[PDB]
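Okay, so we've got a single protein chain in two different forms coming up as structure tokens, structure 1 first and structure 2 after it.
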Structure 1
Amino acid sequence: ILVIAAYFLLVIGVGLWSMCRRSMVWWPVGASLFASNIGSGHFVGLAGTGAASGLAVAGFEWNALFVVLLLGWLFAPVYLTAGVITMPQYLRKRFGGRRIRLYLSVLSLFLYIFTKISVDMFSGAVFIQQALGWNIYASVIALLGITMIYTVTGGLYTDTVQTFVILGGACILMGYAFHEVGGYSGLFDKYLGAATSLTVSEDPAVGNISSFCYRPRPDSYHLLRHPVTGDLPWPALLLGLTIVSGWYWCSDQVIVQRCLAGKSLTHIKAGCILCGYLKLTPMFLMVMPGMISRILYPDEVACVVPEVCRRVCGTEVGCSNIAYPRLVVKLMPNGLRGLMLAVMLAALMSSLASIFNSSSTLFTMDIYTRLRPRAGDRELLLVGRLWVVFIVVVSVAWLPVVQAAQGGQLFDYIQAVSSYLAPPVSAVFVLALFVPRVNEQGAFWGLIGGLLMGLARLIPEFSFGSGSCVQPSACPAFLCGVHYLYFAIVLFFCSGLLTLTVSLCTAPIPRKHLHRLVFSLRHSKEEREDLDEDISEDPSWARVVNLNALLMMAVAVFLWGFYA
């Protein structure tokens, strides 16, 4: 309690001093990106899916690496040269019309409510539930209260200290966990025996457990699985998640807002390099501790019997997601476990601050100005604060859906939901950035068709439900058997085809309106038609960043290959 009290005192003091009293260097930008992405949701989801499935889930985070450099090398020049403050404003400038911008902003807001805020709130809730032994809803209420206090006092230099604290805490935890199990060879030589001894299921619905998925998966060690037989197939990883990460980094407002503040293009590229190098790390720092929790505490983590799972977590399908919280509750020394919770709250606060700022700059700027062209600055700030409060309460209301989905594990739920609605935005952004032929309605109709098909495939997911081997969900295999990342690829391709079909069959857009808004015309010196910056880099720093980017890619590919 002393460590938590000291950390809270530090936060209150820093916030009070900040309240009383665009040229960011590369390292603060990289720290801001990492803190915006990494939160309690990432730790909980990665640990839970590592306990359930294995290291393959970590390959998701490693695939967030590559796109960042694309974000740093392909779409950042367009964002800076166009002078676009937000992402929907870019499409407002390039395409025109107030229908595409408004709809895309609304869709991004919904992707926020059930991809960023709700998962982080539930992760903080499970942390407090495991540590403080409260109910799930009471834990959500407590997290809401403490996050309101943090926002009122702390609010927004801080990125570097947040990242340093998070990395230090996670490194301490992994150091004390690996020796607890006996090391890397200790974890790899004893993981497959993590099967629980309780397979009874006294309820006559299933009787004896099928003894197929209570044991760890035989291919749990392998990062790459079978294309059809194995869960999270490699076609569903390499191609499936690149499309989603395109929206996450290169197209979402959170990352571009945390990235547009760089001093120059070279500083932005170096910050992206730092973020990728820090993205090498969270595999070791999240997925392996989940296996640690599975090994030391198999009966309390790998439960399959509905009764014991309901006792432990309140859900009969999950309890794989309590891998990380339980781990810090017991493994860490008695004097510790305050610093670990402080680190977790730090990650949650960084993520929520970034999300709130991005949601404010999305709704308060795009929609409100589209509705109220002129308003006072105080009114704008009040609208932003009210939107943050409303977005938080909406995510809290949506949290019960997050409670039990995609087999009871959270990160698979994030990947599934983000594989249904993001690919439309990804296809629209790619077509706008690289295909001049696209028009406003050509992109809009493809986008709305992709949304309709995604919703049609998504409604059964939370209608019929999901379950484990004990009680598989009752839904057609044709509309459920295909992996969510496979459906992401298919929907992305059909949305691209629809957008191209509508565009080539309808009146194009003149080129005079298309200066510096397309990656093929970043360096054009001609004037714009105003349908409604100044990037530069000296060769020495440019080549330095290019070579270190190549080295970072080499390291990422090496770690990809090393874990099969």
Structure 2
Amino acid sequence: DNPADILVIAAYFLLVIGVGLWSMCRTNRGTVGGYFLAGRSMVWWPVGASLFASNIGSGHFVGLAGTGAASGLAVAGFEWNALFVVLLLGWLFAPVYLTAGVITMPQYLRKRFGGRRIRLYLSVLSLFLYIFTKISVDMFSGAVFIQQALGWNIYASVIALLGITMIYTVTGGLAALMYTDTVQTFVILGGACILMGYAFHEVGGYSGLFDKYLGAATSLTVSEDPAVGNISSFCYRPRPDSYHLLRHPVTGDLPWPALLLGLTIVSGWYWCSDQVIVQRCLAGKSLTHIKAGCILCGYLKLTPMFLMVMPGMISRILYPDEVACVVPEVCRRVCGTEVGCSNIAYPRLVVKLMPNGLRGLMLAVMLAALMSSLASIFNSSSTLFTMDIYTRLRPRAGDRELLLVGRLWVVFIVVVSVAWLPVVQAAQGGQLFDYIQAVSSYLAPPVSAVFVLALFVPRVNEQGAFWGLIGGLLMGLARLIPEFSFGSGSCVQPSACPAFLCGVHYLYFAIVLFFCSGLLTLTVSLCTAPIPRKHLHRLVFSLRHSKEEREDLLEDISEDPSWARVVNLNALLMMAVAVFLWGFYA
């Protein structure tokens, strides 16, 4: 309402419109190559900027600060796991995907295994995973921040956001979104750094964070309701392992073996096997450019600790009776939610700490985060639908109809997400961040197991790969069923879910589900007849440098030997910086 906020929002919109129009003037959007794969023309800095921007949503500010506030600094685990896994994309997965000449990841499995059915299954499962784990977090986290910072209606505002992100998406092709993601990555990091600075000034620096956070409890621990009573000292006090990434393997809220192995499996699906991330690598200029952009995205994926997690811990220090509330009546008074108020962590700091001009910039940061992420989902889902499912229903389609079907899917998945918004508004507090990471851990590991055996074990065949995936979903729903039948509650109001169902952390069941899906794939593969080498050139890690004539069930990934040496050194130095920081906060 102060004019400076409107001028900052207008400036940010004019940058985004300006770079959109420049990208459409530059690139060709008339063909499937151009509109869906950016012409296979993107150099390193848009690839890095877009990998980062397509990941970092409104969820990352709401969820990481909120969980920061609630549970200390182990949530950085989610971000920092990514650092290691982006190196597996650039060096192992990205080469095979370039030599296969695929537009979608289901199409890679069609080439590797060769039935009709694996491609169809993985397309339809990916569509359900994006409605559940990716749209839901962005719509929800959007809605939190609008209700807290602005107070505007969280239905109509989500419709208006979904509406503008539709137009942003359908107007340009992957080339528009990746150049716009270099503007959005600048604003996201820039404004996030300004708020980090104001926050750290208010607690009295970095020393201030680490000497005030363990004391920072609410003074209201007594309910008016009998059979809640005195809230336990366990569940309003901050956790005594709040300053440690690496927490206890049986009693930790995120056990260290589950963090490292179990997140690597679920991060493997997210970064190496999934249409949304891998489309940025399929539109690279050359493998050297992909590897270079994977290093940039890596250094950026350290930033979220210092920009989201530690700010949310500072909100606990500054507003403990509102951010760290435990009594149901008090929490219902503060932000509407009986189960807690962690979620207001990040958007209290924007309301309280930011002056007249920079409140606008922090609105532009949330907008930048949300639009980049929802557009990347709408484009990647468009590709999945068009290329895998619509080319089934119409085989002799051609590149004019396929772009129209691409554009009409973006309209349809916006309307499905509007229909879905009330189900996601049913999530009460930080239940959604926890459930997203559960769902990911119950459906992703079989896919992680298939793409690793598809890429590294040439004996694995279509019967194995398919019944591996379906056995996977049976095991994954045996837990994704029973739990959600019980509900969630809080530490104050525990759910009645049995210990033998819920006591195993979801990231440990990721490790079990991966090895059981792995073992099933290999067993059924080794029983049934194998696929010979003539079907498999440039589709497997062994044979990415083949030159032999494949029989189907620019493919040229060499490198300026000097520039190879550059990106290889920066991979090892970027892992050294990773490893140091995991040590520092262990």
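One-based numbering along structure 1's sequence throughout. Here the rigid core means the biggest group of C-alpha atoms that line up within 1.5 Å when the two forms are laid on top of each other.
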Problem set entry | C-alpha displacement of 2 Å or more between structures 1 and 2 on the rigid core, among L239, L380, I85, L296 | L380
For this session: Establish whether a shift of 2 Å or more occurs at the C-alpha of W445 between structures 1 and 2, with the two forms superposed on the rigid core.
Result: no
Exercise. Relative to the superposed rigid core, does the CA atom of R311 travel 2 Å or more between structures 1 and 2?
Worked result: yes
For this session: Could you check whether the CA atom of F390 moves 2 Å or more between structures 1 and 2, using the rigid core for the fit?
Result: yes
For this session: With the core fitted, just quote the Cα shift at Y484 between structures 1 and 2, in angstrom to one decimal.
Result: 0.4
Exercise. With the two forms matched on the core, what distance in Å separates the two CA positions of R258 between structures 1 and 2?
Worked result: 1.5
For this session: Having superposed the rigid core, state how many Å the Cα of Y150 shifts between structures 1 and 2.
Result: 5.4
